[PDB]
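Below is one structure, written out as structure tokens, with a few remarks after it.
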Amino acid sequence: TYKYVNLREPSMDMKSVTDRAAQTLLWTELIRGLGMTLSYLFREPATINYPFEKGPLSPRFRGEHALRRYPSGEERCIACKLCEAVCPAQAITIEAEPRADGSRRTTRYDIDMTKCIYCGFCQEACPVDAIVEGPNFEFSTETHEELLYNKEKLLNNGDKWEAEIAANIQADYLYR
Amino acid sequence: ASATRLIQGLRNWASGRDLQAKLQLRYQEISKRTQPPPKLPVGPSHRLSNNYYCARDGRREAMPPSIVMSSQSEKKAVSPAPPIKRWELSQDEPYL
Amino acid sequence: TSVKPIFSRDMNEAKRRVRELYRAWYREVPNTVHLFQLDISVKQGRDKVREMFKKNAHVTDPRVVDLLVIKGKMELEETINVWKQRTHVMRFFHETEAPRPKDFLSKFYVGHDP
Amino acid sequence: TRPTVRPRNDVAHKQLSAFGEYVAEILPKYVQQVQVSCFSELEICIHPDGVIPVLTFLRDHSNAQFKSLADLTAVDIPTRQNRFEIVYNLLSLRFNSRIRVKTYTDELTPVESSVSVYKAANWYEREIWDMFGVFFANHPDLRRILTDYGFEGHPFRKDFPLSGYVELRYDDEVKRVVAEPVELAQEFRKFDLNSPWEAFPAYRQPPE
Amino acid sequence: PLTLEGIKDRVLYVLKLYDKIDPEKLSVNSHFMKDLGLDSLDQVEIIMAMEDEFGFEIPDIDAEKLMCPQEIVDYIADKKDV
Amino acid sequence: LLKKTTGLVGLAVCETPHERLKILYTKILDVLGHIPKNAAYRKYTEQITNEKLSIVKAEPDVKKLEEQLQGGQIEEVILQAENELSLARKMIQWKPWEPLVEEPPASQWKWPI
Ligand code: SF4
Ligand code: SF4
């Protein structure tokens, strides 16, 4: 249940001593290393052609956040504040009131994406699949406050990415 | 995979290993990106009877630490456990 | 009320350690102004040392001033050896901070703090 | 209670209880409590004058051989008058066991440094100084190890706030990173999460 | 170290280089604490100025007992031949 | 048989482990006689030292001495005998068989608070 790395006493007969002296004087392991580097010279490189090729992702991927809707246009978030209760960065800020038809909806739904640790606890805490974390990772900004998302940005991300978000949830909801 | 047999033989010679049997680039041998839907199993507490929670309550069988000595014969000297058994050398590959 | 001491048995040994620490800082201040190339004068840094020592001038417990001498030696050791940068040395001189309102009336004007 | 309950290790519980009796009767000058947890961990609670005898005994005794200092830790408990709880996690490689040695101090009483017993302790108790303010007497190089060089206070004390008292920014006027009093654009929202109902009746403290 | 009057004049020269002490009230028997009105740290840096002038390290037990310029010149004499 | 290495780095191979262990065990007992008889450290360490000394005297082999001293290599058994001797010389100075120096405060080891 254990093995000894580097507990080999070398053979001291003239054959092995001449082997090690030929290794010293004729640089045999150095030519071995040159041969291994030369072997990688003639391989096809592992380089993908970004942006025209994309790295492989799964339907579980945790990228940009989005607020979703039912298949009626009604937004799924019913202001229950589980996602900011579980948010380990406290990146989520929610206010709420009954809207004009008496429905429990949010007035504020902020996610500071620069506090956010992208761990998907909000999408697993959400009882109505409202907040999800979409597949978008190509959303670098040029200013810090463009990453301080309010509810309108998250609803636009939901409307923007729903055709993909719904298919990824369709692929992964039986594991959840 | 698309390497010609001359470059493939040169590459196998300079590495010293057969490199086509173990390629580090992935091809059609990997799993399909579209999978059938699973049917996941449930745990052993998914029962309709003999399943009272107080008979499987893990958090409530934790007890406070038993105070052995407190400040409020020819008994054998003890160790914290028996001494650790000496490890046996590997039968698989000892490097001996 | 029988406590284990740190270094000083009573306040006279404690003031001896305060006094030696002050001597060490007073010797060090020209070197600190030179090699950190501070924009202060040596008299100004020495006034800051005297201000930091007069800040703790109310303490009557030997263990507390033993710890004050220990932390002052740690500050000195971080300043002699160049472990602090120029910014850490100039953080004693609150230069970018606005002057706080002192009397009742200006504190009333700006806000709710007492 | 088979599939979901952690199975109790009765053999190790009995062995660690017997070894706790052993340590308590070899060193009754310092040992105050000995307790074995339900998940079979042995704590020795000692008086702080016996940091060097108890740790040197556990390091050098033929039935201990706790040659490895795993971890050294303070815990701040502000309701106790000796608020700092200095925890020694020792590892025996000979007997394949672990022991916890615990002692106490307040802000002003020093604990004797244990670098003469374990050279591992050199940075650990220096971290305890940096984070809690527990001075370790007769330490080789006791100073800060983790906080910034001009840092005031000890951050892992529980009366120290989460964001501290000062914050940094670059200031272009003085060409220098400066320290200014801390102001949050969003305050850390404190959540009172504790349930008003008792969870563990076995841990119920008796009333006054 | 050569003459005692030169040592006392040089002690008074160090004390008149020190800015907080009034040179009018600065005499040989002028007490630092209760006459000149000095903090203890003022006396500590006075002793350090004396060490800078006369080139020998005055310890702590015998610098606390230096409360007038005459005590300073008596201590500098007693640590020398003169 | 001349063990070539102990495997532990810095642990030199002892040429005569039996005589070294006999000297160390009798020296532990000589030092340990200076402790009072009611001290449990004296009784426990005399007990395990007499057991180890009986095992050392009763086995001429070194490998079987390793398997029944049950303490790893024989050179680290020698090292632990040295550590026990140094510990006993420190325990004479500490006198830890004395009564408890101080009771703790009343809720010092009470968890949770
Ligand atoms: S992914 Fe995590 S850190 Fe980000 S908003 Fe959701 S819960 Fe908060
Ligand atoms: S957990 Fe879901 S429904 Fe609840 S407040 Fe958050 S996004 Fe809205």
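Quick note on naming: the chains in the structure tokens go A, B, ... in the order shown, residues restart at 1 in each chain, and ligands are numbered from 1 in order of appearance.
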- request: For ligand 1, list the contacting residues at 12 Å or closer, counting only C-alpha atoms and all ligand atoms, as a PyMOL selection string.
  value: chain A and resi 61-67+81-94+109-126+130-134+148-149+154
- request: Check the DSSP output for the backbone and give back, as a PyMOL selection string, the residues of chain C in alpha helix (DSSP H).
  value: chain C and resi 11-35+42-55+62-80+86-90+104-110
message: Using only C-alpha atoms and a distance of at most 6 Å, pull out the residues of chain F that contact chain D, as a ChimeraX atom specification.
response: /F:40-41,83-84,96-101
With C-alpha atoms retained, export the selected residues as a short mmCIF file (atom, residue, chain, number, x, y, z; two decimals), in the first residue's frame.
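Below is the file that was written, part_19.cif:
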data_model
loop_
_atom_site.label_atom_id
_atom_site.label_comp_id
_atom_site.auth_asym_id
_atom_site.auth_seq_id
_atom_site.Cartn_x
_atom_site.Cartn_y
_atom_site.Cartn_z
CA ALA F 40 0.68 8.89 37.98
CA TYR F 41 3.36 9.92 35.46
CA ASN F 83 12.05 11.99 23.92
CA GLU F 84 10.61 10.21 26.96
CA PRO F 96 2.64 18.55 37.19
CA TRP F 97 1.38 15.92 39.66
CA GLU F 98 0.57 18.78 42.05
CA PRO F 99 -3.08 19.86 42.52
CA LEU F 100 -4.83 22.20 40.11
CA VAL F 101 -3.27 25.66 40.14
#
For residue 76 of chain D: contacts at 8 Å, only C-alpha atoms, fewer than 4 positions along chain excluded, given as an MDAnalysis selection string: chainID D and resid 83:85 132 156:158
Any chance you can output those residues with N, CA and C atoms as an mmCIF file, in the first residue's frame?
data_model
loop_
_atom_site.group_PDB
_atom_site.id
_atom_site.type_symbol
_atom_site.label_atom_id
_atom_site.label_comp_id
_atom_site.auth_asym_id
_atom_site.auth_seq_id
_atom_site.Cartn_x
_atom_site.Cartn_y
_atom_site.Cartn_z
ATOM 1 N N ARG D 83 -12.170 35.976 27.300
ATOM 2 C CA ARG D 83 -12.950 35.877 26.078
ATOM 3 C C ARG D 83 -12.259 35.095 24.972
ATOM 4 N N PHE D 84 -10.942 34.947 25.009
ATOM 5 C CA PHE D 84 -10.220 34.291 23.931
ATOM 6 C C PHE D 84 -9.970 32.844 24.304
ATOM 7 N N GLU D 85 -10.286 31.935 23.391
ATOM 8 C CA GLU D 85 -10.209 30.504 23.651
ATOM 9 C C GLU D 85 -9.165 29.936 22.707
ATOM 10 N N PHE D 132 -6.603 38.651 16.790
ATOM 11 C CA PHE D 132 -7.303 38.716 18.059
ATOM 12 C C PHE D 132 -6.642 39.619 19.074
ATOM 13 N N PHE D 156 -10.641 39.732 13.900
ATOM 14 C CA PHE D 156 -11.501 38.595 14.168
ATOM 15 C C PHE D 156 -12.158 38.668 15.533
ATOM 16 N N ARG D 157 -11.967 39.756 16.269
ATOM 17 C CA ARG D 157 -12.792 39.981 17.439
ATOM 18 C C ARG D 157 -14.214 40.287 16.999
ATOM 19 N N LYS D 158 -15.175 39.900 17.830
ATOM 20 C CA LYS D 158 -16.560 39.988 17.399
ATOM 21 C C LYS D 158 -17.172 41.360 17.592
#
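Here atom CA of residue 35 of chain E and atom CA of residue 18 of chain E stand 15.8 Å from one another.
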message: With only C-alpha atoms considered, list every residue of chain B at most 9 Å from chain D, as a ChimeraX atom specification.
response: /B:44-45,55-72,77-84
Could you write those residues out with N, CA, C and O atoms, as an mmCIF file, in the first residue's frame?
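In the end it all went to part08.cif:
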data_model
loop_
_atom_site.group_PDB
_atom_site.id
_atom_site.type_symbol
_atom_site.label_atom_id
_atom_site.label_comp_id
_atom_site.auth_asym_id
_atom_site.auth_seq_id
_atom_site.Cartn_x
_atom_site.Cartn_y
_atom_site.Cartn_z
ATOM 1 N N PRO B 44 -34.073 6.544 0.309
ATOM 2 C CA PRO B 44 -34.756 5.516 1.103
ATOM 3 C C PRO B 44 -35.824 6.052 2.035
ATOM 4 O O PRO B 44 -36.515 5.249 2.674
ATOM 5 N N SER B 45 -35.967 7.364 2.159
ATOM 6 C CA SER B 45 -37.021 7.945 2.971
ATOM 7 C C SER B 45 -38.274 8.246 2.166
ATOM 8 O O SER B 45 -39.245 8.756 2.729
ATOM 9 N N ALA B 55 -37.736 8.521 13.845
ATOM 10 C CA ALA B 55 -36.960 7.292 13.776
ATOM 11 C C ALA B 55 -35.818 7.364 12.776
ATOM 12 O O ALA B 55 -35.139 6.359 12.564
ATOM 13 N N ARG B 56 -35.606 8.511 12.141
ATOM 14 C CA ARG B 56 -34.482 8.725 11.239
ATOM 15 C C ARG B 56 -33.918 10.128 11.397
ATOM 16 O O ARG B 56 -33.374 10.699 10.448
ATOM 17 N N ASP B 57 -34.019 10.682 12.596
ATOM 18 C CA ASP B 57 -33.689 12.078 12.859
ATOM 19 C C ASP B 57 -32.210 12.159 13.212
ATOM 20 O O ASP B 57 -31.807 11.826 14.327
ATOM 21 N N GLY B 58 -31.399 12.611 12.257
ATOM 22 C CA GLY B 58 -29.965 12.650 12.478
ATOM 23 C C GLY B 58 -29.541 13.757 13.422
ATOM 24 O O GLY B 58 -28.749 13.527 14.336
ATOM 25 N N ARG B 59 -30.088 14.962 13.232
ATOM 26 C CA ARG B 59 -29.646 16.140 13.973
ATOM 27 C C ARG B 59 -30.015 16.087 15.445
ATOM 28 O O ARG B 59 -29.404 16.794 16.247
ATOM 29 N N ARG B 60 -30.994 15.273 15.815
ATOM 30 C CA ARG B 60 -31.493 15.212 17.178
ATOM 31 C C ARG B 60 -30.890 14.066 17.965
ATOM 32 O O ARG B 60 -31.148 13.951 19.164
ATOM 33 N N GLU B 61 -30.094 13.221 17.326
ATOM 34 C CA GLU B 61 -29.329 12.209 18.030
ATOM 35 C C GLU B 61 -27.938 12.691 18.385
ATOM 36 O O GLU B 61 -27.196 11.970 19.058
ATOM 37 N N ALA B 62 -27.573 13.890 17.953
ATOM 38 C CA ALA B 62 -26.362 14.524 18.437
ATOM 39 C C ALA B 62 -26.564 14.954 19.880
ATOM 40 O O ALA B 62 -27.555 15.608 20.214
ATOM 41 N N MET B 63 -25.634 14.571 20.735
ATOM 42 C CA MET B 63 -25.682 14.838 22.157
ATOM 43 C C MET B 63 -24.553 15.779 22.542
ATOM 44 O O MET B 63 -23.572 15.909 21.804
ATOM 45 N N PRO B 64 -24.670 16.482 23.667
ATOM 46 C CA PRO B 64 -23.547 17.276 24.175
ATOM 47 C C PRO B 64 -22.366 16.393 24.533
ATOM 48 O O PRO B 64 -22.545 15.196 24.799
ATOM 49 N N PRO B 65 -21.146 16.937 24.521
ATOM 50 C CA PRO B 65 -19.964 16.109 24.790
ATOM 51 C C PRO B 65 -19.943 15.594 26.220
ATOM 52 O O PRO B 65 -20.145 16.347 27.173
ATOM 53 N N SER B 66 -19.729 14.289 26.348
ATOM 54 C CA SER B 66 -19.681 13.639 27.647
ATOM 55 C C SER B 66 -18.437 14.086 28.392
ATOM 56 O O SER B 66 -17.315 13.874 27.925
ATOM 57 N N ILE B 67 -18.637 14.726 29.537
ATOM 58 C CA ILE B 67 -17.531 15.257 30.322
ATOM 59 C C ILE B 67 -16.896 14.099 31.078
ATOM 60 O O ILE B 67 -17.510 13.506 31.965
ATOM 61 N N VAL B 68 -15.662 13.771 30.713
ATOM 62 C CA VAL B 68 -14.969 12.638 31.305
ATOM 63 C C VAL B 68 -14.393 13.015 32.659
ATOM 64 O O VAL B 68 -14.687 12.385 33.680
ATOM 65 N N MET B 69 -13.553 14.038 32.682
ATOM 66 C CA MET B 69 -13.015 14.610 33.902
ATOM 67 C C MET B 69 -13.480 16.051 33.992
ATOM 68 O O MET B 69 -13.572 16.740 32.976
ATOM 69 N N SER B 70 -13.778 16.508 35.201
ATOM 70 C CA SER B 70 -14.031 17.920 35.411
ATOM 71 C C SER B 70 -13.462 18.338 36.752
ATOM 72 O O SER B 70 -13.232 17.516 37.638
ATOM 73 N N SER B 71 -13.234 19.638 36.883
ATOM 74 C CA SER B 71 -12.877 20.254 38.148
ATOM 75 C C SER B 71 -14.100 20.759 38.897
ATOM 76 O O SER B 71 -13.952 21.481 39.890
ATOM 77 N N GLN B 72 -15.293 20.372 38.437
ATOM 78 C CA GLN B 72 -16.596 20.838 38.907
ATOM 79 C C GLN B 72 -16.688 22.358 38.916
ATOM 80 O O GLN B 72 -16.352 23.007 37.928
ATOM 81 N N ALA B 77 -1.668 1.520 31.553
ATOM 82 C CA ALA B 77 -1.472 2.730 30.770
ATOM 83 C C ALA B 77 -2.109 2.563 29.400
ATOM 84 O O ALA B 77 -2.042 1.491 28.795
ATOM 85 N N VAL B 78 -2.747 3.622 28.914
ATOM 86 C CA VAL B 78 -3.453 3.553 27.647
ATOM 87 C C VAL B 78 -2.850 4.543 26.668
ATOM 88 O O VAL B 78 -2.103 5.452 27.030
ATOM 89 N N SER B 79 -3.201 4.347 25.411
ATOM 90 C CA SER B 79 -2.835 5.167 24.270
ATOM 91 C C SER B 79 -4.142 5.730 23.713
ATOM 92 O O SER B 79 -5.210 5.274 24.138
ATOM 93 N N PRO B 80 -4.129 6.730 22.818
ATOM 94 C CA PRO B 80 -5.410 7.235 22.301
ATOM 95 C C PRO B 80 -6.142 6.248 21.417
ATOM 96 O O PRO B 80 -7.374 6.303 21.331
ATOM 97 N N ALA B 81 -5.424 5.351 20.775
ATOM 98 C CA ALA B 81 -5.958 4.279 19.957
ATOM 99 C C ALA B 81 -4.890 3.194 19.984
ATOM 100 O O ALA B 81 -3.848 3.410 20.614
ATOM 101 N N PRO B 82 -5.097 2.019 19.388
ATOM 102 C CA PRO B 82 -3.966 1.127 19.151
ATOM 103 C C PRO B 82 -2.971 1.762 18.214
ATOM 104 O O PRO B 82 -3.316 2.671 17.429
ATOM 105 N N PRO B 83 -1.694 1.359 18.280
ATOM 106 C CA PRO B 83 -0.695 1.892 17.351
ATOM 107 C C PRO B 83 -1.024 1.525 15.917
ATOM 108 O O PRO B 83 -1.659 0.503 15.650
ATOM 109 N N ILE B 84 -0.629 2.408 15.004
ATOM 110 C CA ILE B 84 -0.972 2.237 13.602
ATOM 111 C C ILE B 84 -0.225 1.031 13.051
ATOM 112 O O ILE B 84 0.940 0.787 13.394
#
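One finds atom CA of residue 79 of chain A at 13.0 Å from atom CA of residue 102 of chain A.
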message: I need the contact residues of chain A against chain F, so if you could list those with any atom within 12 Å, counting only C-alpha atoms, and return them as a list in words, that would help.
response: residues 3, 4, 5, 6, 7 and 9 of chain A
Those same residues - C-alpha atoms - I'd like them written as a PDB file, in the first residue's frame.
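Now in again.pdb:
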ATOM      1  CA  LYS A   3       5.722   2.496  -3.160  1.00  0.00           C
ATOM      2  CA  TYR A   4       9.221   3.982  -3.054  1.00  0.00           C
ATOM      3  CA  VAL A   5       9.786   6.654  -5.660  1.00  0.00           C
ATOM      4  CA  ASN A   6      13.570   7.042  -6.140  1.00  0.00           C
ATOM      5  CA  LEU A   7      14.995   4.108  -4.176  1.00  0.00           C
ATOM      6  CA  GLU A   9      20.572   1.642  -6.610  1.00  0.00           C
TER       7      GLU A   9
END
Could you make a table, as a Markdown table, of the residues of chain C that have an atom within 12 Å of an atom of chain E, each with its nearest atom pair and distance in Å to one decimal, counting only C-alpha atoms, in chain and number order?
| residue | atom | partner | partner_atom | distance |
| --- | --- | --- | --- | --- |
| C:12 | CA | E:61 | CA | 10.6 |
| C:13 | CA | E:61 | CA | 10.2 |
| C:15 | CA | E:60 | CA | 10.2 |
| C:16 | CA | E:60 | CA | 6.9 |
| C:17 | CA | E:60 | CA | 9.3 |
| C:18 | CA | E:41 | CA | 9.9 |
| C:19 | CA | E:44 | CA | 7.4 |
| C:20 | CA | E:60 | CA | 7.5 |
| C:21 | CA | E:44 | CA | 11.0 |
| C:22 | CA | E:41 | CA | 7.8 |
| C:23 | CA | E:44 | CA | 7.3 |
| C:24 | CA | E:48 | CA | 10.3 |
| C:25 | CA | E:45 | CA | 10.9 |
| C:26 | CA | E:45 | CA | 7.8 |
| C:27 | CA | E:48 | CA | 8.6 |
| C:43 | CA | E:19 | CA | 11.6 |
| C:46 | CA | E:45 | CA | 10.3 |
| C:47 | CA | E:41 | CA | 11.1 |
| C:49 | CA | E:41 | CA | 10.4 |
| C:50 | CA | E:41 | CA | 7.7 |
| C:51 | CA | E:41 | CA | 10.9 |
| C:52 | CA | E:41 | CA | 11.9 |
| C:53 | CA | E:41 | CA | 9.0 |
| C:54 | CA | E:41 | CA | 9.3 |
| C:57 | CA | E:40 | CA | 11.2 |
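Nearest-residue note for chain A: choosing from D:194, D:186, D:163, D:138, the minimum distance belongs to D:186, counting only C-alpha atoms.
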query: Skipping near chain neighbours, those fewer than 5 positions away, what residues fall within 9 Å of residue 61 of chain C using only C-alpha atoms, listed as a PyMOL selection string?
result: chain C and resi 10-11+66
Selected residues, C-alpha atoms, written as a PDB file, in the first residue's frame, please.
ATOM      1  CA  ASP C  10       4.201  48.453  37.983  1.00  0.00           C
ATOM      2  CA  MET C  11       3.904  51.799  36.228  1.00  0.00           C
ATOM      3  CA  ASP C  66       3.047  47.250  28.005  1.00  0.00           C
TER       4      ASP C  66
END
- request: Give as an NGL selection string every residue of chain C that touches chain D within 12 Å, counting only C-alpha atoms.
  value: :C and (2-7 or 38-39 or 61-68 or 70-79 or 81-98 or 100)
message: as a PyMOL selection string, could you give me every residue of chain D near chain A (at most 9 Å apart, counting only C-alpha atoms)?
response: chain D and resi 188-189+191
Based on the selection just made, write N, CA, C and O atoms of those residues as a compact mmCIF listing (two decimals), in the first residue's frame.
# COMPACT_ATOMS: atom_id res chain seq x y z
N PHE D 188 -24.18 46.52 4.34
CA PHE D 188 -24.37 45.09 4.53
C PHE D 188 -25.66 44.84 5.28
O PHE D 188 -25.80 45.23 6.44
N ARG D 189 -26.61 44.20 4.61
CA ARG D 189 -27.95 44.02 5.14
C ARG D 189 -27.94 42.85 6.11
O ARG D 189 -27.76 41.70 5.71
N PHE D 191 -29.29 40.04 8.44
CA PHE D 191 -30.46 39.17 8.40
C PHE D 191 -30.60 38.48 9.74
O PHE D 191 -29.70 37.74 10.15
- prompt: Taking only C-alpha atoms into account, what are the residues of chain B at most 7 Å from chain A, put as a list in words?
  reply: residues 7, 11, 14, 15, 25, 38, 87, 88, 89, 90, 93, 94 and 95 of chain B
Residue subset to file, keeping N, CA, C and O atoms, as a compact mmCIF listing (two decimals), in the first residue's frame:
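Saved the output as again.txt:
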# COMPACT_ATOMS: atom_id res chain seq x y z
N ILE B 7 3.87 11.83 -41.47
CA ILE B 7 3.95 12.67 -40.28
C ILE B 7 3.54 11.88 -39.04
O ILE B 7 4.12 12.03 -37.97
N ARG B 11 6.06 11.26 -36.01
CA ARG B 11 5.61 11.71 -34.70
C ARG B 11 5.67 10.57 -33.69
O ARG B 11 6.11 10.77 -32.55
N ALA B 14 9.52 10.02 -32.99
CA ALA B 14 10.17 11.02 -32.15
C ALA B 14 9.62 11.00 -30.73
O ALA B 14 10.37 11.27 -29.79
N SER B 15 8.34 10.68 -30.56
CA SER B 15 7.83 10.52 -29.20
C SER B 15 8.31 9.22 -28.57
O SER B 15 8.52 9.17 -27.35
N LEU B 25 -6.81 14.95 -28.68
CA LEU B 25 -7.92 15.65 -29.30
C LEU B 25 -9.11 14.72 -29.38
O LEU B 25 -8.97 13.54 -29.73
N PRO B 38 -33.32 11.83 -18.06
CA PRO B 38 -33.14 10.84 -17.00
C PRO B 38 -34.44 10.55 -16.27
O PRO B 38 -35.45 11.23 -16.44
N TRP B 87 2.59 -0.20 7.35
CA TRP B 87 2.12 -0.35 5.98
C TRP B 87 2.91 -1.43 5.25
O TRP B 87 4.12 -1.56 5.42
N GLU B 88 2.20 -2.20 4.45
CA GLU B 88 2.83 -3.17 3.58
C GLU B 88 3.25 -2.49 2.29
O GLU B 88 2.58 -1.57 1.80
N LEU B 89 4.37 -2.94 1.74
CA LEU B 89 4.83 -2.42 0.47
C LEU B 89 3.91 -2.91 -0.64
O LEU B 89 3.19 -3.90 -0.50
N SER B 90 3.90 -2.17 -1.74
CA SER B 90 2.98 -2.44 -2.83
C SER B 90 3.33 -3.74 -3.54
O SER B 90 4.48 -3.98 -3.90
N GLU B 93 3.29 -2.37 -7.74
CA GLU B 93 4.57 -1.86 -8.24
C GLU B 93 5.33 -1.23 -7.09
O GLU B 93 5.12 -0.05 -6.78
N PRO B 94 6.23 -1.96 -6.43
CA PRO B 94 6.93 -1.40 -5.28
C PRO B 94 8.06 -0.44 -5.62
O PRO B 94 8.55 0.24 -4.71
N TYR B 95 8.44 -0.34 -6.90
CA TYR B 95 9.74 0.17 -7.36
C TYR B 95 10.88 -0.52 -6.63
O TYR B 95 11.80 0.11 -6.12
- prompt: Out of segment 44-74 of chain D, which residues get strand (DSSP E or B) from DSSP, as a count of residues only?
  reply: 10
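From atom CA of residue 113 of chain F back to atom CA of residue 195 of chain D, the distance works out to 17.0 Å.
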So that I can see what lies close to segment 74-82 of chain E, please list as a PDB file with C-alpha atoms, in the first residue's frame the residues with an atom at most 12 Å from it, counting only C-alpha atoms and leaving out residues fewer than 2 positions away in the same chain.
ATOM      1  CA  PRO E   1      35.391  67.414  28.786  1.00  0.00           C
ATOM      2  CA  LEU E   2      38.292  69.880  29.020  1.00  0.00           C
ATOM      3  CA  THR E   3      36.885  72.631  31.266  1.00  0.00           C
ATOM      4  CA  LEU E   4      33.739  72.534  33.388  1.00  0.00           C
ATOM      5  CA  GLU E   5      32.648  76.064  32.445  1.00  0.00           C
ATOM      6  CA  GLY E   6      32.830  75.155  28.759  1.00  0.00           C
ATOM      7  CA  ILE E   7      30.645  72.102  29.416  1.00  0.00           C
ATOM      8  CA  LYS E   8      28.088  74.211  31.302  1.00  0.00           C
ATOM      9  CA  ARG E  10      27.607  74.199  25.928  1.00  0.00           C
ATOM     10  CA  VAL E  11      24.721  72.685  27.926  1.00  0.00           C
ATOM     11  CA  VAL E  28      21.543  76.962  35.577  1.00  0.00           C
ATOM     12  CA  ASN E  29      19.105  76.002  38.363  1.00  0.00           C
ATOM     13  CA  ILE E  47      18.464  64.531  27.119  1.00  0.00           C
ATOM     14  CA  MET E  50      22.620  66.401  25.235  1.00  0.00           C
ATOM     15  CA  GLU E  51      23.587  62.972  23.900  1.00  0.00           C
ATOM     16  CA  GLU E  53      26.174  67.180  21.735  1.00  0.00           C
ATOM     17  CA  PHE E  54      28.402  65.279  24.149  1.00  0.00           C
ATOM     18  CA  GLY E  55      28.491  61.954  22.308  1.00  0.00           C
ATOM     19  CA  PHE E  56      27.680  59.414  25.001  1.00  0.00           C
ATOM     20  CA  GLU E  57      24.561  57.380  25.687  1.00  0.00           C
ATOM     21  CA  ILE E  58      22.788  58.507  28.859  1.00  0.00           C
ATOM     22  CA  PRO E  59      20.704  55.588  30.229  1.00  0.00           C
ATOM     23  CA  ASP E  62      20.068  58.550  35.282  1.00  0.00           C
ATOM     24  CA  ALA E  63      18.249  60.716  32.738  1.00  0.00           C
ATOM     25  CA  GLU E  64      15.085  60.846  34.822  1.00  0.00           C
ATOM     26  CA  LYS E  65      17.135  62.475  37.603  1.00  0.00           C
ATOM     27  CA  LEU E  66      18.233  65.318  35.290  1.00  0.00           C
ATOM     28  CA  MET E  67      15.746  68.063  36.117  1.00  0.00           C
ATOM     29  CA  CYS E  68      17.938  71.178  35.907  1.00  0.00           C
ATOM     30  CA  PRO E  69      20.954  72.206  33.782  1.00  0.00           C
ATOM     31  CA  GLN E  70      23.196  71.945  36.849  1.00  0.00           C
ATOM     32  CA  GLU E  71      22.222  68.282  37.261  1.00  0.00           C
ATOM     33  CA  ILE E  72      23.017  67.766  33.567  1.00  0.00           C
TER      34      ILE E  72
END
